[PDB]
Amino acid sequence: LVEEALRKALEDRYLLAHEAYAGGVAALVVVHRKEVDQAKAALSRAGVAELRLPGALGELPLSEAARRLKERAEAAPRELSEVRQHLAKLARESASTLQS
Amino acid sequence: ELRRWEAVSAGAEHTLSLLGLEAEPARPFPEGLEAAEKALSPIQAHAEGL
Amino acid sequence: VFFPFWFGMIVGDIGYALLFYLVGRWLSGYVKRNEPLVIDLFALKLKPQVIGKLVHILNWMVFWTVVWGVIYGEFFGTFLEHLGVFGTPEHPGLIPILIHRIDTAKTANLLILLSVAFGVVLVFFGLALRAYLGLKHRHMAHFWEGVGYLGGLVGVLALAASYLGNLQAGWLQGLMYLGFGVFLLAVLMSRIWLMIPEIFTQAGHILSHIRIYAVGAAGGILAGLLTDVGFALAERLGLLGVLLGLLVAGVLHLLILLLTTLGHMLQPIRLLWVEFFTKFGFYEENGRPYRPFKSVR
Amino acid sequence: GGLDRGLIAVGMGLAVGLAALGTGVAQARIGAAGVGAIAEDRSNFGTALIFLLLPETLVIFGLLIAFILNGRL
Amino acid sequence: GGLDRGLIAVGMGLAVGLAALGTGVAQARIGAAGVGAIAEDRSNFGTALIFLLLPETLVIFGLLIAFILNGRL
Amino acid sequence: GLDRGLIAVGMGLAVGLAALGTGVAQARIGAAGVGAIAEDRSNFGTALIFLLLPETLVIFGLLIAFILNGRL
Amino acid sequence: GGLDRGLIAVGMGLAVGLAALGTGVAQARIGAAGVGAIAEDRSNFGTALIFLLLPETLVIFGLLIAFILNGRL
Amino acid sequence: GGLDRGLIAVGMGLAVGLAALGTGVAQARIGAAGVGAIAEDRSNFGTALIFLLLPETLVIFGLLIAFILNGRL
Amino acid sequence: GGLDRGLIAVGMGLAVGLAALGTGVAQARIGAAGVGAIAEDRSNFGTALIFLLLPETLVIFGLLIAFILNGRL
Amino acid sequence: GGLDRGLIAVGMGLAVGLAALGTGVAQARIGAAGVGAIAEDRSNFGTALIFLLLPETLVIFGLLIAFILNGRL
Amino acid sequence: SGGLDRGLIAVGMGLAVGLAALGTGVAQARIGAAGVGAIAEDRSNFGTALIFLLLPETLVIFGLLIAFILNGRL
Amino acid sequence: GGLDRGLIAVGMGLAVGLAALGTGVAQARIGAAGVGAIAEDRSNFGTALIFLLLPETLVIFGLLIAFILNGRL
Amino acid sequence: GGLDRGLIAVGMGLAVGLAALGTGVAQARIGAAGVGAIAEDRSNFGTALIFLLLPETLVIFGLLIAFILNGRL
Amino acid sequence: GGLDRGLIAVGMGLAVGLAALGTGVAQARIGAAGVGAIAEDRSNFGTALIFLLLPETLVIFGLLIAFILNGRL
Amino acid sequence: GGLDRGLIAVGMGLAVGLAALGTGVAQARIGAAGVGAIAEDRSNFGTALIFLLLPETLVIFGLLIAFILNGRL
Amino acid sequence: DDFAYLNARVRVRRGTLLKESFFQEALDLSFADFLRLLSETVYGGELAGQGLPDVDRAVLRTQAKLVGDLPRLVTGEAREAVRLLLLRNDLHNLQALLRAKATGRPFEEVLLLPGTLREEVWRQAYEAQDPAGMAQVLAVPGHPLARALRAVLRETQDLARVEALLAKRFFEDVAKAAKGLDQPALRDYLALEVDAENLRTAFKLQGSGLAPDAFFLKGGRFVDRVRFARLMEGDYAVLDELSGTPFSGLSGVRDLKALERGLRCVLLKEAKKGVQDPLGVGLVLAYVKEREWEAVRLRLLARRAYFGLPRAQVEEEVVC
């Protein structure tokens, strides 16, 4: 259904396949800059959406975004555990003073 | 001074709320208004940042 | 004075009374734990003072409840089928029943008369409170109205027990005439046009007291039916599934208790708030309460 | 007595059952409006209960006729 | 020979039952509008009670026919 | 002695269904009247007559019942 | 034998009762619309009263049928 | 008349009462809409009156059948 | 005859009465929507009268069954 | 047939009457929505007539049951 | 050849057929009301509307079967 | 030889059934308004449950009349 | 047989009729909601049919009761 | 004996069926409001189920009355 | 024996039929709200199915009482 | 409850309405002829003096007199239905109240037009510490805004994103209540209003480049979320995709002025279908929308006479 718009794009070109991560077929297409913008408009008319993440992951290069996302995924659990621990420690340390 | 004390009570209520604790009545702390504000502000700041 | 009495007249299951005693022991242990009772899906947060007042009210209810249950003679329902603690002339096993209450051929008119007497007494007390308060406030409208409603109710009960009741209407014909004359005289002295609708509403409020005896008989008949079915299906059907049959019957009895006893207790306080308050008014401007300086501590 | 006794009993039962039907029919919309007024404010619960108990006179007269039938029975 | 006192009792019971049914049918909408007015204004509680009690004449006629049947009994 | 009670049964059915119809009319009648009273006190007699209009059915039923009791 | 008069009176009573029931069923919405209209203005009172009172013809026909039964009784 | 004419009059009265019931059931919403139209305007009185009087043939046919039963009686 | 005639008359009366009941039950909403369309426009009165007159086929069928029963009478 | 014939006629009458009752009960909302659609557009008058005639098969089945009863009469 | 059971069987079959038609019409009232509303909404989904309208006829078919069983057991 | 026990049982069954029907008719709108109030907040759930259980006195009186009938049996 | 067969068929007919009445009473609001959802989207026909066929178990149980009656017959 | 036992089961049926009728009557609007409350949030299912299960006490009492009838016959 | 088993079957069928009537009466509003929630969200299908199946306890009790009557039959 | 006793006064008020010639003759006036014609009108019964502000205040008083009573004089399911007819002014008053509480101006700053609840409640809501406490002070039983703001209130203390999400949840709960009623046409009219408001948010946010799924709402039947994204993009073909629905004439338009004008035209045409229901409640909704179209026409003719507008300057205002 999107390959019809890809046939409307660069015909023996627009390298477009969907590899893996079967929760969603990551259809990657590549032709050009401006003709690819027109083809992205035609595919969104056929129904399509770009991987627009928030923050910097949908705002930086994909290798750098993958590195930052992997770093945040490896770091967030110990940080959240320490955050809950220091929060509970501050609560158990100051709740009586706050109550008085 | 009443608005200051009322804002102090509101900040203590929000501090207990962000701490998740509930307002239980107890014997109070006789302290100065700015002194109690100074005691409130550091724990409230650490709690808000956390 | 009365809500525990009508409540004990309502429920006469000594086993359910002991279940309430054990539940009060659990609540008393929660009170001795000095933790506020927190019920999440019930959203019931309770300080220990209200819980202790509830437990004291429960003990005061359970005392007269066990008293009237001994008067009805029913231990966890009709245990006299299995262990004949209650005594009838049909099969005397042990001590006799003051109210047998499985048979209505000798007990129902007495129970209805008891409920009617308690209701008329409470109605008399409420109208007397209304007239005494009208005298205390020196507003003769409310006091004369209570006097006229009381006289109309007395003449109504007299004419009812005369015509629709038994014979020998000579001792009460002048009584009904005097009640009608008191009603007409207070209508002239009041001129409020608080008509026979008001008198009939007061009469229905008086006559509604038999719902106590009704719900007591209903719960007793249900408990006796369930207990007889369980004892039969256990002992007479085999005498081997006594554990299984007794457990299923006790579980169904617990389900029936959880489905019935709340509203059964509720009907007494509903009758109390609907009669003792309403004859005495208790719906005038709601008052202003003591709001002293807090010092929340 | 004969067959007239069960017939009088059936008529008294018809009276009591239809009286309870009319009582619940009056009670339904009245209690709905009272529940709405209670959800408005906690102040008007007394008048709500007064209006709630005002309809039970039909059940009262039905039980009275039932006792009259049982005395005739 | 019987079967006539029971027929009269069945008729009186049906009369009282359908009369209380009509009384409740009126009283439902009556008390609904009255509770709406009372929640709207506590000033007109007496007129609301008057409009509520106005439907009792059907019950009056039904109890009269019941007493007439009982006197025929 | 067979038709002595069936006439009373029919008169009772008449009175009961007449009161049923009278209350069915009186529900909407008194509902609109209480709404008009809640609007203002200025429609008392008109809504009173509108409520009082349904009682002719009860009057005719009482007439038929009195004729039946005169036959009784 | 004498099973004609009671059956005739029973049928006549059923006729009059169901006729009054249908008359009230019409008159409910009739007087409802008329009262809501007269509450708007005191300008169409008689036309509303005519439209309300038009429903008594079935009651008149049922009264004629009941009088015919009484003449047959 | 025995069991024949009594049950005949009973069924005739049943037809008459239920016919008046259906006529009133139609006339309720019919006259309600007509009164709403009259409250909208005092100009369509004739067509609304025609639509109101249209639901009378049920009562007419029921009375005709009742008279046919009376001629059979 | 005898018990046949009164029971046959009762069945014919039941047919006619509940048939007119259902006919008026349709005719209520029929005339309601018709008077609403008439208040909307007078140019649909023919379709309104057609939709009104459509319901009488059940009354015709019940009258046919009643005439067949009277022929059996 | 002096006893079974009247009961068979009573059953056929009950069938025809309740069938017409259900037919009119369907036809009420049917004709209401159809007259609303006709006021919306004359372009769906045929669909309105089809949905109106959709209720008559039950009356046809009841008439066939009555015809089978008359054949058993 | 029952003298009273034959009329009683016709009475029961007639009550069955009549109340079955009553229930079928009670369903078909709201069914056809919503169907005509959607038809005035669109003349596109008339087939599903007619399918839903015909869906209530199974109770009528069962009642006709019961009446045929009563007539066979005459 | 006597079916007055069966007649009394039939009347008691009709009594209990109509009483349960009226209790359910009250409880429908009562629980509807109460579940709406519970959907509003958890504030007045106790008074809502009180008003819900308040309708049980009719079914209680019906059970009392049934038990009186059983004791008469 | 005698009279037990005819009364057995009468009870089976009353059972089947009341069961079909209740099933259609369910199916009314069921099909109303289902046609509303169909008007919402065509992506619900696989659940609307299940919601429609959910009330058929009552008709199945009534037909099983009638079949048990016929087997006892 | 062959009529006294027969009416008893008819009375038990008249009890149980109308009892379940009132049970479903109470259950309808209550379960509708509970489904609306569960559709509002997945947090109010408990009180909804409590109010839904609250109506079955009358059905249990009617089943006890039916057990009393089966003990009587 | 005479008309005993037929009366018992009549009572059992009446119980089952009015039980299915009440079950469908609950299931009407139940499935209406449930289909509205299902069109709102497919994620609420389970609680809707549980609320829909909640009305079947009356049908189970009626089938059990019918089997009890069949054992009495 | 009684949808007919109110319908009688609704038909009486429907008898009190101005014709199209009352505005067609009002195409040529000089505000003194318009003042005389309004003096003939019932809405000029509150006519205080001369001037545009006096005219608008008299129009507001007439709207309160003839339209405000519809929120009263009813009780029950009909009250719960008719409450969700004059709800835009109430949500506007609540939005101005939230804006004033978050901003800091005086409580007498906004002019607080007439709605459904008591204005004393709105004055008392100026002083409240918690937003949930202010919601409980503003809590009526059948007010949909009270249930909406409380459910949306579990995010923060007072935010503007909270206000926009509260408006979204307000429209959503309005659609939920419209589905939760026994009204065959009110649900359809509310859904039409919901889809029109979705199209209005789309046209107002066309070219903004924001997230359309965060902007799109749920409750409609005339459009799609993919159609919503196509309207978010610069594609008028999606507006051309509206065929067969009530959005018929809304085609080939890109300017939001005439777009919402035709949207209001389609909404008023759907409101004209309310005369079919003389027994329910939609006839009263049609009367309310008719008074609303009269109010827009009245303030339009008032601006035209006070500023001397050309007939061509307002010719696109009385086409329907």
# chains A, B, ... in the order shown; residues from 1 in each chain; ligands from 1
>>> select_by_dssp(residues="range 4-95 of chain A", states="alpha helix (DSSP H)", output="number ranges by chain")
A: 4-8, 34-46, 62-95
>>> residues_around(residues="residue 8 in chain G", least_positions_apart="6", cutoff="6 Å", atoms="only C-alpha atoms", output="PDB file with C-alpha atoms, in the first residue's frame")
ATOM      1  CA  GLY H   6     -73.607 -13.530  31.442  1.00  0.00           C
ATOM      2  CA  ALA H   9     -72.063  -9.630  28.379  1.00  0.00           C
ATOM      3  CA  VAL H  10     -68.727 -10.164  30.138  1.00  0.00           C
TER       4      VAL H  10
END
>>> atom_distance(atom1="CA of residue 65 in chain H", atom2="CA of residue 71 in chain G")
18.5 Å
>>> interface_residues(of="chain P", to="chain K", cutoff="12 Å", atoms="only C-alpha atoms", output="number ranges by chain")
P: 182-185, 188, 221-222, 243-246, 270, 273
>>> write_last_selection(atoms="C-alpha atoms", output="PDB file, in the first residue's frame")
ATOM      1  CA  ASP P 182     -32.518   8.050  25.960  1.00  0.00           C
ATOM      2  CA  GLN P 183     -32.719  10.682  23.251  1.00  0.00           C
ATOM      3  CA  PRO P 184     -32.657   9.682  19.571  1.00  0.00           C
ATOM      4  CA  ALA P 185     -31.665  13.105  18.227  1.00  0.00           C
ATOM      5  CA  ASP P 188     -26.789  13.093  16.955  1.00  0.00           C
ATOM      6  CA  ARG P 221     -19.079  10.392  13.502  1.00  0.00           C
ATOM      7  CA  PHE P 222     -18.586  12.573  10.411  1.00  0.00           C
ATOM      8  CA  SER P 243     -19.927  14.006   1.142  1.00  0.00           C
ATOM      9  CA  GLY P 244     -23.318  12.731   2.252  1.00  0.00           C
ATOM     10  CA  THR P 245     -22.786  13.953   5.820  1.00  0.00           C
ATOM     11  CA  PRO P 246     -24.209  17.216   7.181  1.00  0.00           C
ATOM     12  CA  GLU P 270     -29.447  20.094  11.817  1.00  0.00           C
ATOM     13  CA  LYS P 273     -34.593  18.930  12.291  1.00  0.00           C
TER      14      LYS P 273
END
>>> residues_around(residues="range 45-55 of chain G", least_positions_apart="2", cutoff="6 Å", atoms="only C-alpha atoms", output="list in words")
residues 30, 31, 34, 43 and 57 of chain G
>>> write_last_selection(atoms="C-alpha atoms", output="PDB file, in the first residue's frame")
ATOM      1  CA  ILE G  30     -54.189  15.987  27.946  1.00  0.00           C
ATOM      2  CA  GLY G  31     -54.261  17.895  31.221  1.00  0.00           C
ATOM      3  CA  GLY G  34     -53.137  21.997  29.005  1.00  0.00           C
ATOM      4  CA  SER G  43     -54.885  33.102  26.938  1.00  0.00           C
ATOM      5  CA  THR G  57     -66.903  10.360  25.356  1.00  0.00           C
TER       6      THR G  57
END
>>> residues_around(residues="residue 203 in chain P", least_positions_apart="3", cutoff="8 Å", atoms="only C-alpha atoms", output="MDAnalysis selection string")
chainID P and resid 199:200 206 231:232 256
>>> residues_around(residues="residue 61 in chain E", least_positions_apart="3", cutoff="9 Å", atoms="only C-alpha atoms", output="PyMOL selection string")
(chain E and resi 19+56-58+64-66) or (chain F and resi 15+19+58+62)
>>> write_last_selection(atoms="C-alpha atoms", output="compact mmCIF listing (two decimals), in the first residue's frame")
# COMPACT_ATOMS: atom_id res chain seq x y z
CA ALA E 19 -57.01 1.59 44.38
CA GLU E 56 -55.80 10.34 49.04
CA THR E 57 -59.49 10.66 48.12
CA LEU E 58 -59.17 7.64 45.84
CA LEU E 64 -65.26 3.14 51.87
CA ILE E 65 -66.07 0.43 49.32
CA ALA E 66 -64.03 -1.99 51.43
CA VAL F 15 -63.81 0.87 41.58
CA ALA F 19 -59.06 4.66 40.86
CA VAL F 58 -64.10 8.30 40.44
CA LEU F 62 -68.81 5.43 42.83
>>> interface_residues(of="chain O", to="chain M", cutoff="9 Å", atoms="only C-alpha atoms", output="PyMOL selection string")
chain O and resi 2-36+38-39+52-53+56+59+63+66-67+70+73
>>> atom_distance(atom1="CA of residue 16 in chain B", atom2="CA of residue 164 in chain P")
28.3 Å
>>> residues_around(residues="range 50-60 of chain A", least_positions_apart="6", cutoff="9 Å", atoms="only C-alpha atoms", output="VMD selection string")
chain A and resid 40 66 68 to 69
>>> write_last_selection(atoms="N, CA and C atoms", output="PDB file, in the first residue's frame")
ATOM      1  N   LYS A  40       6.953  11.458   0.719  1.00  0.00           N
ATOM      2  CA  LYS A  40       6.476  11.319   2.088  1.00  0.00           C
ATOM      3  C   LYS A  40       5.104  11.949   2.245  1.00  0.00           C
ATOM      4  N   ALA A  66      20.200   6.664  19.176  1.00  0.00           N
ATOM      5  CA  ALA A  66      20.208   5.295  19.677  1.00  0.00           C
ATOM      6  C   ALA A  66      21.187   5.135  20.829  1.00  0.00           C
ATOM      7  N   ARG A  68      22.126   7.574  22.907  1.00  0.00           N
ATOM      8  CA  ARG A  68      21.573   8.288  24.054  1.00  0.00           C
ATOM      9  C   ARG A  68      20.411   7.526  24.676  1.00  0.00           C
ATOM     10  N   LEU A  69      19.583   6.888  23.846  1.00  0.00           N
ATOM     11  CA  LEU A  69      18.464   6.113  24.363  1.00  0.00           C
ATOM     12  C   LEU A  69      18.948   4.870  25.091  1.00  0.00           C
TER      13      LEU A  69
END
>>> residues_around(residues="residue 44 in chain F", least_positions_apart="6", cutoff="10 Å", atoms="only C-alpha atoms", output="PyMOL selection string")
(chain E and resi 47) or (chain F and resi 33-34+36-37+50)
>>> closest_residue(among="A:97, A:37, A:27, A:91", to="residue 20 in chain B", atoms="only C-alpha atoms")
A:91
